[PDB]
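Below is one structure, written out as structure tokens; comments come after it.
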């Protein structure tokens, strides 16, 4: 959308932030222009250490003078890498923690009807959670990395062009010759990466369907050919993944083969300009190296321009809610204040529409009147919009044409502290702020005393139930310290809206929690607060209103009738049908925020986003998403268990380990020839310097064709090895998912969109966990080892000093690689308690705006941001000092080697070019060694969070389908029998729909288990085939128990028909041959013409060929049912399990099942469950299920003959249409 500029993100800066962005900007220029000064000092040293080969006294002076200048360069990097980290990390905190304090004052002042849950308060909660971390990521510390590497580029061309300007043009005109050779590798590599994502989307829908339709995959035993369809379309991503490793051996080979043919260009012309007497050997080290790493340092300044554009995009959305001027405000000057209110609210000609969609007209010419000290009611029977009455006296909205008078004063002339202080609100599922149960009661009145809270808890039936909790009124209600998690809370607005002592008391439909003896206690609690208070009762169920003096009924825009309930029950005028309607009778936001973070977890770093959940009913839970360090849960043998699964490819790793050792020989051979030409440039013979610099160019060319054949063996192999491992894991993951129980799929984190990504992104990061961490270990250990064998043969006295110095060299470079990603570290974990307070004063804003609790949520937010700021003062002074002190042990420790090496030469032990070769080889080696020890924790710490998918492989199923020591199934005649069985779902095990259940079905009969308003009837057909096991008892079929049989050999003669049918992504020839494997063309036509749809399917373009499941022709609900019955008649089952529930016929003039119900019963055993009192005339028997038992049994000639029973009440529900 729109965007701010990059400036005005700094608009929350005070005069102490203009002082930290000034010191930390001078400190980043001086830190930047110091690597092109190391190349000016190490160049001028060699001109004194190497021109003085015949004067062994000048050598000691002109090295001890320049080895003091590395301690002075060490101090300037010490106190200027401290100033670009401690100033840009702490001044990026103080500016974004003053954006949080003003964005939250803005979202406490907007109108309360702005938040109507339709992904409006799912962006406000998301903008305070993530858009504030993107502003901080932009402006804090990636601004100092911009100035650091931009000033090196500017100062690599001023050191480079003053020493020798003809070699600072040759070593700059090579840089377009390399970045173009490497910008064609990274173009074609994305083009094969994009085709691999497209090739998996064909096989990405087979796992998508067979997890979503898992009731049909198990019922028709076809969980073996859901693999053979999957394991034939994975094989088109494997072969496309082979030639994305050959585009990487040819991309790193032909980049290190041009860069090694470009030192040969610029070390030749450096060796011509010396022979003409224009440069020397230290003005050609300065000119070449300061103009290459100066030019290369633009690839790091422009790496930070991605975060600067996400920062401008996110920071607009914040800066447009801050200055959005609202409508309903408080006027401290244009406001009144009455005295002795009475509570006479009269909606006198009030019309109103919802400003989200102005189409309907809720209150066209609405009129009611509220007396003082009385109890009125507002009740409808449908969507009258009656709960808008309590949402309008609050002034959450405005009547767009009308007026509302409080004791004869229009309420648009009243300030919102004389109004909301007089109105107490009790609502649906009331907001419990995660504090004590003493501070929640003190929102109705902020500070009076202690004994009035006990008085207010006494007249609410609450004084007893919070002393039988083992803490003295101090109980954290958010997290389960003591579990007062009952459905009967003290509905603590009943305790709040008495302590406040309101004059007008607006109740609501505060009985929606499966009313029982517990909800009868709060009913007689509400009947003692309604004394002398002009209360309304928005009521949905009429049972709670039956003893009230005056009741008013509204139906469409206006009141219809008023008066007592002795004349309201009279005349039958639009109330007698409503009591007939009484006789015939959050978790969304945590899912919405995860999908909104869906789409962008593809990239944001893991230290910057969240993972959202509900937790308990205290708040919305926000785990920092850097939960991988805390997790540390892989099996302890996991690196050995992935090498056993990837060991039929042993010839593709014995041939790949002789391609990764040969690549370690190019490191030191670069640094032996380059340190042999520093010696050559100081000859005094100008023809033995010519024919010895030809033969160091021919090695640079021959090692630019050795680096093409040795990166092609390392990368083509080890990608044949790692792509037969992602393919083998994917076939082992889906074959283990389709073995579990059905209740495992019913859980909240096992829907077929979070579990089909574990086969796509969690099985594709096993390639980069056991194949790309042996390539860079065999390479980096054969270069560490071959440069400590050379260095002890050239000279062993200096190279023993570099062994003791070697921890001080690999630690200075370990810190120079953490600095490229930043030292702040997991900034989404400190700002997590702050957001859970900001994220509960948005979704509970109906209860924050009432009670005038808007200056208390801002106090709990500003008194708590002091913890993430003192965490960042202690970190930025410590991390900026340990980084600035490890750099003094890099330059101060190369001053010791070059002094002790220039000590032995004056005593005649060593020579020149025995000290330089040892110095150049062992320092370039130390950069690679501090990369093996940077991927060292991930090898130990459980791989990572996505290499820890053994939870689908190492998981034990509850219901085991295939057993060898189980009795097989040959012929089931049908002897359905239940003994004493009780059963509950594992999703909510408190509900106990079965309680000692009993049935008995003989062979060759039917069963017609009745509706009873959905009294847990849709679980008998979920136990004839083992979708669920019973908790206690047996299920007897054919005289044998059901937990003794081969389950795959049983379900091929028990075939159901689903509630709402579903169709796979194939033609209508495999969607009706899915339940007979085998059938070809004779009994496919015959099984069509039973519930026919045959002239329906004869009219079709490609015969019987069209995709009908998805991405094809869209059929109707009356035609999908005629497909699914063609399945269940080709299979020829013996125990037919029909199904109807929840009014899903979806067809007028029903005939698609009427042909089925009379034809398909004629030789089978059927179990028909339906909620309607029709079509269930199974002429053999019919039982009535109530409360987990049967109450009456007998067919439709002895079940209607009895006078009442329980079936005749459902016979009265026939004519209630």
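So for chain A, numbering is Swiss-Prot's, and the shown residues are 21-605, 620-1251, in order.
Method reported for this entry: electron microscopy, 3.4 Å.
For all residues, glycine too, the Cβ spot is worked out from N, Cα and C.
The feature ATP 1 binding site is assigned by Swiss-Prot to 136, 374, 376, 405, 406, 407, 408, 529. A sphere of 10 angstroms centred on the C-beta of residue 374 (ATP 1 binding site) encloses 15 other C-beta atoms.
Reduced to three states, the DSSP call for residue 276 (brassinolide binding site) is coil. Swiss-Prot lists 276, 283 with the feature brassinolide binding site.
There are 18 other CB atoms within 10 A of the CB of residue 1053 (ATP 2 binding site), with all protein chains counted. Annotation comment: Swiss-Prot describes 780, 1019, 1021, 1022, 1051, 1052, 1053 as ATP 2 binding site.
Per Swiss-Prot, domain 'ABC transmembrane type-1 1' is recorded for 41-330.
According to Swiss-Prot, the feature domain 'ABC transporter 1' maps to 365-601, an assignment based on sequence analysis.
Per Swiss-Prot, domain 'ABC transmembrane type-1 2' is recorded for 687-975.
Per Swiss-Prot, domain 'ABC transporter 2' is recorded for 1010-1246, and the stated evidence type is sequence analysis.
According to its DSSP assignment, residue 641 (N-linked glycosylation site) is coil. The N-linked glycosylation site annotation in Swiss-Prot covers 641 (among others).
According to Swiss-Prot, the N-linked glycosylation site annotation covers 758 (among others). Annotation note: residue 758 (N-linked glycosylation site) sits in a coil segment as assigned by DSSP. The Cβ neighbour count for residue 758 (N-linked glycosylation site), using a 10 Å radius over every protein chain in view, is 19.
Cβ neighbour count for residue 785 (N-linked glycosylation site): 14 (other Cβ atoms within 10 Å of its Cβ, all protein chains included). The N-linked glycosylation site annotation in Swiss-Prot covers 785 (among others).
Annotated N-linked glycosylation site per Swiss-Prot: 814 (among others), in sequence order, evidence recorded as sequence analysis. For the recorded site, residue 814 (N-linked glycosylation site), the DSSP three-state label reads helix. Of all Cβ atoms in the shown protein chains, 21 besides its own fall within 10 Å of the Cβ of residue 814 (N-linked glycosylation site).
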Record-annotated ATP 2 contacts 780, 1019, 1021, 1022, 1051, 1052, 1053; largest Cα to Cα distance in whole Å is 18
Candidate recorded positions 276, 641, 814, 1051, pick with smallest Cα gap to residue 407 (ATP 1 binding site) = 1051
Residue with minimal Cβ packing [other Cβ atoms within 10 Å] among the binding-site residues 136, 529, 780 | 136
Find the Cα-to-Cα distance between residue 605 and residue 620 in angstrom, rounding to a whole number; note that the 14 residues connecting them are absent from the deposited model.
-> 26
Just the number: how many Å between the Cα atoms of residue 1021 (ATP 2 binding site) and residue 406 (ATP 1 binding site)?
-> 34
Distance check against residue 1051 (ATP 2 binding site) for the recorded positions 276, 408, 758, 785, keeping those with Cα within 10 Å | none
Determine the C-alpha span of the ATP 1 site listed in the record, that is the greatest distance between any two of 136, 374, 376, 405, 406, 407, 408, 529, in Å to the nearest whole number.
-> 24
Residues satisfying Cβ distance under 8 Å from residue 276 (brassinolide binding site), sequence separation of at least 6 = 700, 738, 741, 742, 745
For residue 1022 (ATP 2 binding site), what residues in its own chain, 6 or more apart in sequence, show a Cβ-Cβ distance under 8 Å?
-> none
Among 406, 1051 [binding-site residues], residue with fewest other Cβ within 10 Å | 1051
For residue 408 (ATP 1 binding site), which residues in the same chain are close in space, meaning a Cβ under 8 Å from its Cβ, but six or more apart along the sequence?
-> 372, 382, 383, 417
